[PDB]
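A.B. asks: The structure under discussion is supplied below as structure tokens; questions concerning it will follow.
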Amino acid sequence: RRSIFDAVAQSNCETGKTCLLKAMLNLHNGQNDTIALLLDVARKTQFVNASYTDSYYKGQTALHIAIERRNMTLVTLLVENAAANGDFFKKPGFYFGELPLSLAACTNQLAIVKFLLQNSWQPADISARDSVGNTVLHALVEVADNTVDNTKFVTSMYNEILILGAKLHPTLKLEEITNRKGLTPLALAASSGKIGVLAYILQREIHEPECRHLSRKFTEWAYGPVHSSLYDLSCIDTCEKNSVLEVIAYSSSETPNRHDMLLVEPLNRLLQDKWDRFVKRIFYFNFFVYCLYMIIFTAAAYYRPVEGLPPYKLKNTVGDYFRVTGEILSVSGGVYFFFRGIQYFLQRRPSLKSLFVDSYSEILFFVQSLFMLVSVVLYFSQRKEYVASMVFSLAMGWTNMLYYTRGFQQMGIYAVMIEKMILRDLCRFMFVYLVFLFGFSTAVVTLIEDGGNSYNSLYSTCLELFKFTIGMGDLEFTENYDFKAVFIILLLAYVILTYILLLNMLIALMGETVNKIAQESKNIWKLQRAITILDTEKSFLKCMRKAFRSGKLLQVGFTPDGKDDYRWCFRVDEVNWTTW
Amino acid sequence: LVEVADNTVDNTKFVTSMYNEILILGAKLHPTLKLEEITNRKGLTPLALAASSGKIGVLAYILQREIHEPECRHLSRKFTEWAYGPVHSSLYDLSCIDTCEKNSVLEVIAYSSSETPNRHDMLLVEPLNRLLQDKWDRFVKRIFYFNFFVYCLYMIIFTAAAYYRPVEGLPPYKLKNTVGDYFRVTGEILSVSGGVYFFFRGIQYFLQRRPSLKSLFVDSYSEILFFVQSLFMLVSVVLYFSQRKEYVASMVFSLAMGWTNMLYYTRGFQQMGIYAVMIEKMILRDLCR
Ligand SMILES: C=C(C)[C@]12C[C@@H](C)[C@@]34O[C@](Cc5ccccc5)(O[C@@H]1[C@@H]3C=C(COC(=O)Cc1ccc(O)c(OC)c1)C[C@]1(O)C(=O)C(C)=C[C@@H]41)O2
Ligand SMILES: C=C(C)[C@]12C[C@@H](C)[C@@]34O[C@](Cc5ccccc5)(O[C@@H]1[C@@H]3C=C(COC(=O)Cc1ccc(O)c(OC)c1)C[C@]1(O)C(=O)C(C)=C[C@@H]41)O2
């Protein structure tokens with residue numbers, strides 16, 4: 001075999017590699033003319049279809065070798081006279097699918113895909129799926145990397161393959177096909193964060209006369225420099241499969257461009273449509289009930305009985321009856337919040353690494369309801385430590401009231417700033433501040449002998465050095481030291497190091513954040529409103545699920561089979577002067 | 001040729017071009033001789049010289065240079081292994097980069113006197129920026145977390161033995177038949193041993209570098225602080241055996257200084273490693289003016 005392999009390598013006329021595959025691989029400038037001889041010799045004596053049996057490169061055949069090399073003539077010769085299941089092509093490796101046509105499409109080889117698709121000797125199957133279930137369009141969308149030229153040719157190839165498949169097979173619906181996981185090419189582009197492919201798919205009009213029915217953004221009329229466009233909105237607002245809007249919003253936040261992935265033509269106005277139509281009165285009746293429950297909880301916490309031990313027997317007074325009713329309403333609200341929070345994590349199962357960075361408002365609403373259930377537990381088992389939990393519940397809830405500024409734009413970017421500092425710029429600076437506080441507090445408490453004023457306490461001396469950070473500390477707070485020149489050196493060093501060097505450095509860090517999330521979070525607020533709209537829509541499913549459905553059913557054209565095309569469209573308008 | 005370099009796009013361009021041409025021509029006439037290995041009297045090599053003098057352009061050229069020609073390809077560093085599609089995996093030569101008989105490129109860039117212009121971003125060249133990471137992940141992230149833990153476990157031996165010091169009489173203090181006194185004595189011994197270790201680890205560091213005074217505080221600040229901590233406690237040892245009660249004023253300074261030096265170990269974290277670099281720069285520049 002060495003002479004044959006050596007001659008094939010010389011280009012002179014386990015792994016399981018064949019001479020044809022070896023010859024094709026070891027070809028320079030397409031000079032491997034011995035491949036024809038082997039194929040011709042093989043014909044005189046199944047050989048062309050032989051493939052490597054190695055698990056790493058399982059399934060690779062001659063067609064793949066020629067396709068990779070961009071050889072039109074070699075590909076045509078091989079075709080005229082399979083799927084690579086190897087770990088190299090499964091999700092150092094390159095994924096393109098597991099079909100020759102997917103190899104052609106994923107590499108921009110437009111001519112080769114045309115040749116394969118309508119190859120007279122053997123045509124390829126457009127709708128075939130690999131092991132993962134991905135079709136061709138799934139591979140094309142997966143390959144996307146969000147670059148102007150990259151998005152350019154991926155969208156171009158998608159459009160070309162789509163038109164060609166429609167021309168050969170008008171009946172079949174290619175986009176509706178799904179992989180094993182269940183997603184569609186549009187849903188996949190929405191989930192994976194590929195903004196370019198989503199922007200293409202959502203608003204794509206193909207002008208050609210016959211194959212116009214596979215388009216979304218139509219036109220209704222144009223009198224002058226003005227024209228009103230439609231949209232298709234098929235699986236956008238709601239569908240059997242996951243909707244584009246829900247996927248973008250309920251995404252794990254690992255998706256790159258979630259915040260500004262809603263600026264595409266339909267979504268940015270479909271979201272607004274829902275907000276104005278039937279949600280602005282359900283985000284103002286939910287705010288009012290919360291404001292009316294925090295005056296039932298506050299007024300019943302402020303007038304709690306002070307004499308004796310709990311529980312307290314009722315008295316024949318109107319005040320006591322009202323207090324009992326207030327307590328019942330408060331506890332009912334607490335239980336409702338606890339369940340509304342418990343059955344939210346089961347729906348998402350958010351990862352710990354992003355438990356606080358994506359659901360902060362909900363974590364807080366849950367943590368509030370824990371403190372009050374703990375109070376219910378402690379108050380019936382004859383304890384008076386239930387006040388320390390009711391108080392925390394009250395303060396936490398009043399400060400959670402800020403969650404409802406989610407609707408306002410000017411104020412919705414002010415409760416987004418208090419989430420971001422408390423997470424990023426106030427947990428670093430307390431790792432870098434307690435070090436100084438404890439170092440100098442241990443120093444000072446060790447210097448003083450003390451072996452009343454009672455400044456021999458590591459608690460009192462840690463506290464008194466924290467009032468040097470709010471500018472409310474007495475320098476001569478003790479006189480028990482034996483070495484004044486050291487004590488008043490330590491304090492004066494501490495004041496400079498923390499009051500003047502650390503506080504005035506944390507302010508700069510918060511200033512940078514305030515700029516950043518003051519000129520960026522304008523889209524995070526829109527996203528938060530989008531989640532609010534989605535949850536509000538989900539809550540009232542029983543009431544007006546179908547009744548409050550966006551978009552109107554309209555005729556678009558004629559399905560190629562001969563029937564009529566009716567779809568749920570959303571109308572938009574525009575004005576343009578320079579085009580005429 | 002490397003010495004003449006001044007780090008300009010066109011300047012780097014023709015210096016690199018001339019270097020490549022002279023190298024190829026010398027290889028063609030004399031393939032046997034290794035020209036780069038030659039050194040001047042000081043001992044440096046052209047690559048080591050480009051690394052020491054701060055010439056980033058020549059270093060970037062030399063580290064990753066592939067010459068495609070068929071015969072004279074053996075004088076190259078950045079090869080290629082395979083390319084299936086739009087993907088290709090490159091190699092590198094890393095001959096005297098990680099370690100060598102002559103000074104390594106990595107050590108020269110790091111242990112430089114800091115007069116070198118571009119030290120901070122002179123490690124972005126192809127090999128170094130990932131070779132450094134390789135070492136970090138492979139066998140150093142568990143030696144910068146066992147060195148942090150021992151320091152955190154020694155500052156709870158020093159603090160707990162400083163906080164419970166005897167208050168009655170004059171030093172030294174005779175031992176008592178109590179478990180508390182034995183534990184205090186052990187804490188003192190451990191603390192003093194740590195102090196001596198730090199003092200020697202600091203004294204034999206300056207001999208290795210002999211840093212200039214003008215850049216004594218601008219390049220070794222973390223080490224100056226670790227040394228100054230160990231001086232205060234050796235002074236305390238000196239004063240405490242010679243029957244004085246002024247050793248508390250030094251032990252206290254040692255304790256505070258060490259707790260605040262704990263910040264040196266945020267060197268590994270990225271988000272927190274740029275917060276202890278800000279407290280060095282203000283205290284030097286914006287709080288002495
Ligand atoms: C993230 C969590 C678990 C958190 C829970 C409590 C303990 C909390 O302290 C923090 C940390 C903290 C503690 C003290 C001062 C600052 C920060 O922040 C909140 C948490 C911080 C707040 C308010 O936080 C906010 O920024 C309001 C807010 C911003 C954005 C939102 O979308 C939002 O919706 C609920 C609420 C108030 C407290 O809940 C409160 O009243 C008490 C007693 C402590 C505050 O821990
Ligand atoms: C540079 C030197 C010699 C220095 C030595 C001592 C006296 C020091 O005051 C300074 C000047 C000073 C004094 C008082 C307030 C601010 C600054 O800064 C440090 C020095 C400043 C510090 C902490 O300095 C830091 O920024 C921490 C740090 C930052 C970056 C690092 O790489 C680092 O590694 C060790 C440590 C704390 C003290 O050591 C301390 O605890 C006491 C009692 C004085 C501080 O002189």
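A.B. asks: What is the log10 of I(q)/I(0) for the range A:230-295, computed with the Debye formula using one identical point scatterer on each Cα and no solvent, at q = 0.19, 0.29 Å⁻¹?
C.D. replies: -0.87, -1.22
A.B. asks: Short version: what are the Cα gyration tensor semi-axes of the range B:134-178, square root of 5 times each eigenvalue, largest first, in whole Å? Don't skip to the end; give the middle numbers.
C.D. replies: On the way: eigenvalues 313, 16, 11 Å².
Equivalent-ellipsoid dimensions as semi-axes: 40, 9, 7 Å.
A.B. asks: Less than 12 Å Cβ to Cβ from A:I524, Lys/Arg counted +1 and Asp/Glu -1: what total charge do the surrounding residues give? Present the calculation step by step, with values, prior to reporting the outcome.
C.D. replies: On the way: positive: A:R258, A:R406, A:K420, A:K516, A:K522, A:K526, A:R529; negative: A:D260, A:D358, A:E419, A:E520.
Value of the local net charge: +3.
A.B. asks: Residues with beta-carbon under 13 Å from that of A:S361, excluding A:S361: net charge, scoring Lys, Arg +1 and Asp, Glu -1?
C.D. replies: On the way: positive: A:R340, A:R406, A:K420, A:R529; negative: A:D358, A:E362, A:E419, A:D535.
After counting each charged neighbour, the total is 0.
A.B. asks: Next question, about the same structure. What do you get for trypsin sites (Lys or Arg not before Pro) in the range A:348-390 restricted to DSSP loop and a cutoff of at most 15 other Cβ within 10 Å of the site's Cβ?
C.D. replies: Listed in order of number, the matching sites are A:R383, A:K384.
A.B. asks: Still on this structure, I have one more. Placing +1 on the Cβ of each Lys and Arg and -1 on the Cβ of each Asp and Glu in the protein assembly as shown, which of A:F380, A:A111, B:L131 has its Cα farthest towards the positive end of the resulting dipole?
C.D. replies: The residue sitting farthest along the positive end of the dipole is A:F380.
A.B. asks: Share of Cα-Cα pairs in chain A beyond 31 Å, in percent?
C.D. replies: Numbers: 113756 of 167910 pairs.
Of all Cα-Cα pairs in chain A, 68 percent lie more than 31 Å apart.
A.B. asks: Here is a further query. Please average, across the residues of B:200-206, the number of beta carbons from any other chain that are within 10 Å of each residue's own beta carbon, and give a whole number.
C.D. replies: 0
A.B. asks: How big is the convex hull of the Cα atoms of the range A:393-448, per residue, in Å³?
C.D. replies: Details: hull volume 6.2 nm³, N = 56.
Given the Cα convex hull of the range A:393-448, per-residue volume reads 111 Å³.
A.B. asks: When Cβ neighbours within 10 Å are restricted to other protein chains, what is their mean count per residue of peptide A:150-163? Don't skip to the answer; put the middle values down first.
C.D. replies: On the way: counts 0, 0, 0, 0, 0, 0, 0, 0, 0, 0, 0, 0, 0, 0.
The per-residue average across the peptide is 0.
A.B. asks: Then there is this: Would you list the membrane-span-like helices of chain B, meaning whole DSSP H runs whose alpha-carbon atoms span at least 18 Å along their axis and whose mean Kyte-Doolittle value is at least 0.0?
C.D. replies: Details: long enough: B:9-29 (30 Å, 0.46); B:146-162 (24 Å, 1.84); B:179-209 (46 Å, 0.38); B:222-241 (30 Å, 1.94); B:248-261 (19 Å, 1.09).
Taking the DSSP H segments of chain B (at least 18 Å long, mean hydropathy at least 0.0), we get B:9-29, B:146-162, B:179-209, B:222-241, B:248-261.
A.B. asks: Could you tell me what % of all Cα pairs in the range A:405-493 have separations over 23 Å?
C.D. replies: Details: 1599 of 3916 pairs.
For the range A:405-493, the share of Cα pairs beyond 23 Å comes to 41 percent.
A.B. asks: Also, I was wondering about something else. Checking the table A:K194/A:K546; A:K90/A:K181; A:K22/A:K58 against a 21 Å threshold on Cα-Cα, which pairs fail? The partial results should precede the final answer.
C.D. replies: Values: A:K194/A:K546 31 Å; A:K90/A:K181 15 Å; A:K22/A:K58 15 Å.
Violating the 21 Å limit, Cα to Cα: A:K194/A:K546.
A.B. asks: Follow-up question, since we're still on this one. Considering only DSSP states other than H, G, I, E and B, which trypsin sites (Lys or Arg not before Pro) in the range B:1-106 qualify as loop sites with at most 11 other Cβ atoms within 10 Å?
C.D. replies: Details: sites: B:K13, B:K28, B:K34, B:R41, B:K42, B:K55, B:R65, B:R73, B:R77, B:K78, B:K102; in loops: B:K34, B:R41, B:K42, B:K55, B:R65, B:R73, B:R77, B:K78, B:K102.
Qualifying residues, ordered by number: B:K34, B:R41, B:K42, B:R73.
A.B. asks: Taking beta carbons within 10 Å but only from partner chains, what does the mean come to for residues A:488-497? Don't skip to the end; give the middle numbers.
C.D. replies: Numbers: counts 0, 2, 4, 0, 0, 3, 2, 0, 2, 4.
Shielding by partners across A:488-497 averages 2.
A.B. asks: Using only the alpha carbons of the range A:309-422, determine the length spanned along each of the three principal axes and report them from longest to shortest in whole angstroms.
C.D. replies: The Cα atoms of the range A:309-422 stretch 49, 31, 23 Å along their principal axes.
A.B. asks: Continuing with the same structure: Using the structure shown, list the pairs from A:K353/A:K420; A:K274/A:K552; A:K274/A:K538; A:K274/A:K526; A:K114/A:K167; B:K42/B:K78 with a Cα-Cα distance above 19 Å, or answer none. Let's see the in-between values first.
C.D. replies: Values: A:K353/A:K420 16 Å; A:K274/A:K552 14 Å; A:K274/A:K538 12 Å; A:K274/A:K526 13 Å; A:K114/A:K167 12 Å; B:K42/B:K78 28 Å.
The pairs that break the limit, which is 19 Å between Cα atoms, are B:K42/B:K78.
A.B. asks: State, as an integer percentage, the relative contact order of the range A:360-435 based on alpha-carbon contacts under 8 Å between residues 6 or more apart.
C.D. replies: Values: 37 pairs, mean separation 18.8, N = 76.
The normalised contact order for the range A:360-435 reaches 25 percent.
A.B. asks: Which value, in debye to the nearest 20, describes the size of the charge dipole of chain B about its Cα centre when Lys and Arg Cβ atoms bear +1, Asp and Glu Cβ atoms bear -1, and nothing else is charged? Intermediate results must be reported in sequence, preceding the final value.
C.D. replies: Details: 31 positive and 27 negative charges, 202 e Å.
Rounded to the nearest 20 debye, it is 980 debye.
A.B. asks: How far apart, in nm, are two points set 7 Å out from the Cα along the Cα-to-Cβ line at A:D573 and at A:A222?
C.D. replies: Placing both labels 7 Å along Cα→Cβ, they lie 1.7 nm apart.
A.B. asks: Now a separate question. Could you give me the percent of Cα pairs per 10 Å distance bin for the range B:1-113, shortest bin first, beginning at zero and ending with the bin that holds the maximum distance?
C.D. replies: Taking every Cα pair in the range B:1-113, the percentages come to 12, 41, 36, 10, 1.
A.B. asks: Here's something else I'd like to know. Which of rounded, prolate, oblate describes the range B:154-218, given a ≥ b ≥ c as roots of the alpha-carbon gyration tensor eigenvalues and a/c under 1.5 marking rounded, otherwise prolate only if a/b is larger than b/c?
C.D. replies: prolate
A.B. asks: Compute the Cα gyration tensor for the range A:513-580, then decide on rounded, prolate or oblate, letting a ≥ b ≥ c be the square roots of its eigenvalues: rounded whenever a/c is under 1.5, prolate when a/b is larger than b/c in the other cases, and oblate in all that remain.
C.D. replies: Working: a/c = 3.42, a/b = 1.36, b/c = 2.51.
Here the range A:513-580 falls in the oblate category.
A.B. asks: Order these peptides, B:249-257, B:184-192, by their mean beta-carbon neighbour count within 10 angstrom, highest first.
C.D. replies: So the peptides B:249-257, B:184-192, ranked by packing, come out B:249-257, B:184-192.
A.B. asks: For chain B, calculate the relative contact order in percent as a whole number, restricting contacts to Cα pairs under 8 Å that are 6 or more residues apart. Can you show the working numbers first?
C.D. replies: Numbers: 233 pairs, mean separation 31.4, N = 289.
Normalised by residue count, the contact order of chain B is 11 percent.
A.B. asks: From the Cα gyration tensor of the range B:85-142, with a ≥ b ≥ c the square roots of its eigenvalues, which class applies: rounded if a/c is under 1.5, or else prolate if a/b is larger than b/c, or else oblate?
C.D. replies: Prolate shape, in that a/c is at least 1.5 and a/b is the bigger ratio.
A.B. asks: Excluding same-chain residues fewer than 8 positions from A:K384, which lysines have a Cα within less than 22 Å of its Cα?
C.D. replies: Within reach: A:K313, A:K315.
A.B. asks: Given H placed on each backbone N at 1.01 Å, which residues far from A:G557 in sequence or on other chains put an amide H within less than 5 Å of it?
C.D. replies: Here the answer is A:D565, since their amide H atoms fall under 5 Å of that of A:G557.
A.B. asks: Additional query: Quick one: plug the Kirkwood hydrodynamic radius of the range A:86-200 (C-alpha pairs) into Stokes-Einstein at 20 °C, 1.002 mPa s, and report D in µm²/s.
C.D. replies: Working: Rh = 14.4 Å.
Once the numbers are plugged in, D ends up at 149 µm²/s.
A.B. asks: Write out the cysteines belonging to chain A for which the nearest other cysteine Cβ is not under 4.7 Å, or none if no such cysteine exists.
C.D. replies: Unpaired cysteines in chain A: A:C13, A:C19, A:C106, A:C211, A:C291, A:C427, A:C462, A:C543, A:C569.
A.B. asks: Separate question: Would you mind counting up the charge near B:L207? Only other residues with Cβ under 15 Å from its Cβ, with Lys and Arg at +1 and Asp and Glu at -1. The partial results should precede the final answer.
C.D. replies: Details: positive: B:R201, B:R209, B:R210; negative: B:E223.
For residues surrounding B:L207, the net value is +2.
Just so you know, all these numbers are worked out from the coordinates, no wet-lab data involved. For neighbour counting, all protein chains shown are included, and Cβ atoms are generated from backbone atoms with ideal geometry for every residue, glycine included.
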